[PDB]
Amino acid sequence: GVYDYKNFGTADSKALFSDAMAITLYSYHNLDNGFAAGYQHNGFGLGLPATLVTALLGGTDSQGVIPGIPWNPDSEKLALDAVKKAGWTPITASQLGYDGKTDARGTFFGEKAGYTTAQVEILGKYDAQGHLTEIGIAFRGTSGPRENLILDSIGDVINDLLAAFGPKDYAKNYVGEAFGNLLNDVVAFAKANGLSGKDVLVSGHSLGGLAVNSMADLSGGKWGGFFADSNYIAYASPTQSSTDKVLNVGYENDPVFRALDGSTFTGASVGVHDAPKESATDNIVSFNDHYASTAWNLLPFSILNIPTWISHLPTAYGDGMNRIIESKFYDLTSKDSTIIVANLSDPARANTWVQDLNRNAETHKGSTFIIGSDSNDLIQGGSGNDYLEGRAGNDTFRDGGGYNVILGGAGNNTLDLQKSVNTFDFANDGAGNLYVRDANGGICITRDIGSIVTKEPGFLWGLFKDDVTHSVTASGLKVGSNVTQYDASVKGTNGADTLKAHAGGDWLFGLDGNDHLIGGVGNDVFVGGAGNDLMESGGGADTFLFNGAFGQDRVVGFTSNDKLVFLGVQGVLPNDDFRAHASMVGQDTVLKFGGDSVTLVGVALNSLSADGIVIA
C-alpha cells in the first residue's frame, strides 16, 4: 500500500496513517474550512488570498476571522469532535506535569525566542477501560514572528523562508529549540502509563511537517532516545529528515511539498521539484480546478505564485487521501504509485474529466490509479493500464486502452467506449464481472456498470446512429429488443469444476474453488478465479487472466502465441516486468505475485518474452 510504514502490515499502516491525518487536521482547528467550502460550491475563479498563505505559515491570533478567508463559526467544536471521533483527546498540562503555557483549546506553544508562536497538540488515545494506549504529537509549525510575513512581497517572503531552513541546521533543530522541555514531560508521562516510543505517533502538515522531520532527526540523540522508534508521518513538508524514519506524504502538485532537498535550497525549489525521494510519496496528484485549468497554468509552476498553494490546503489532504485509504485498489498501490485524486469543485466536476495530465511533473511510470468522489464523476483513463474507481454517485468512465479495472461503485454508472460496439467483445462471468476487450486485445474488468455508450459511425443494426446507450443484462448488451451477445463461455461454480471449451473457443470462468479448465484448439480466455486452478491451453492463441488473490495456478501448454495477463494483483512495482516475478523450479517457470503464483509447466524461463506476459 502507498502508505505502508516500517514493517507494519498493510492494515496497521493504514490505521496509523488515518490517525496521523486526523491529529494533523485537528492541529489547524479548521483554518481552511470556510475556504474549502467556498471552493467546493463555486470553484477557484477568485483564486487564493495571500492572507491564507500567511495564516498557514505564521498562524493566527484568534479566532475567527480574517480577510478573505471565510470563517466557519463552528470551526472549533467541529475540529475537536472530529479528532475525538478518530479516538483522540487533548492531554492537559497538568496531566503532563508541564509548567508552561496552554491556551483555551489546550494547545501548547514553543519555548525559545524565535519559536514562541509554534504550536503542538499532545493527544491521547485510550482503551475502553480508560487506559492510555497511544500518544499523538501534532505539530503546527510557524515561520517565526507573524509580523515578518508582510514586510515584503509574499513571494520574497516565501523565497527567503525556504532559503533559511537549511543553513545552521535551522530545520533540523527546530523541534529541539521549540519543544525540547515539553518533550521531556511527554517521555515521563508515557513511561508513567507504561508506553514506550513505539506507542507515540508524530504528525503535522506544512511547517508542522517540517517539525515532524526535525523531531525524527533529533530522536536518536535527544530525550534519551525515547522517541527513536516512534512513528513519523509528515504531510506536505518542504524538508525531509536524514533518517529512514519519516513517511513524507504529499500531493505532487503541492508546491510546498519537497521544495527543499533534505533542507537544501536548489534551482528547483522555486519551480517544479518532482525528483524522486526515498522517504516521499512522489506521484499522488490532486486533480483540482487549478490543476485542470489551462488559464490557471499559463504561468510557470512555482511556490512563489500563490494560486498554486491551492494544492497545499489541508482539507483536500484529509478528504482526498482518506479516499485513497478507503479504495478497493489500496492494496495494489505502493509508495510511488501514480494516483490521481478527484478534487474538483462542484461546478468543475460537471464537465471536467479527471485524468492524468502529467502536468508539472516528471513522466509517470507504471499503472495509474484514479480515485473518484462520492458525487457524479467523469473519469478518463489513459492508454496504459488504469484502475478507475467511481465510488458513489453516477459516474461515467472513458479509457484510452490497455488492461484496466473499472469499479463503478454505488450509483448508475456508465462506460463510454467512444467507438462502435462492433470493435469490442464482451463477456460476463455471472458473478458481477463484465469483461470488455478492445480490438487490440486490451481487457477491462468492470463491476457495477449498468450502461455502455458507443459511438456508431453507421446505423447499428439499421436503426441507431451516433451515440447509443446499451443496457448491461445477464443476456447481453440490450437496446430495446436488440442484443449484442456476450462471447461464448463456460461458467463453473464456487466449488471444484471441470470445464471444457468448445473448438470455436470460449471464455472459461472457473470462479471459486480448485478448477480444471480444459481448453480446446480454439482461442480461449481462461479465468481460473480464486482457488488453485489447473488450466490447459489445448492449442490456439489463448489468454490467461489473473486478478485479485488468484491462488496457486498451473498453466499447461503455454506457447509463444499465448498471453498471461496480471491485472489487479499483489506485489507489482511501477514498471515491473515479468523477470522481477519469475523463477525456475525444475522444468517449470514460476511467477509470483505476493502470495499468489502461476506455474508455467514445462516452459523454460529463457523462452519467455515480455510481450506474452502483461504485468499491470
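From 1 onward, residues are counted along the sequence shown.
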*asked:* Tell me which stretch has the larger mean Cα B-factor in this entry, 229-237 or 355-363.
replied: 355-363
*Looking at the deposited entry, does 410-418 or 312-320 carry the larger mean Cα B-factor?*
410-418
*Among 257, 459, 403, 369, which residue carries the highest C-alpha B-factor recorded in the PDB entry?*
459
*Kindly indicate the residue among 82, 483, 215, 332 with the greatest C-alpha B-factor in the PDB record.*
483
*According to the PDB entry, is the CA B factor of residue 376 in the bottom, middle or top third of its chain, that is, lowest, middle or highest?*
middle
*Tell me, lowest, middle or highest third: where does the Cα B factor of residue 283 rank within its chain?*
lowest
_Taking only the Cα B-factors deposited for this chain, tell me whether residue 61 sits in the lowest, middle or highest third._
highest
*Where does residue 44 sit by CA temperature factor within its chain: lowest, middle or highest third?*
middle
*According to the PDB entry, is the CA B factor of residue 326 in the bottom, middle or top third of its chain, that is, lowest, middle or highest?*
lowest
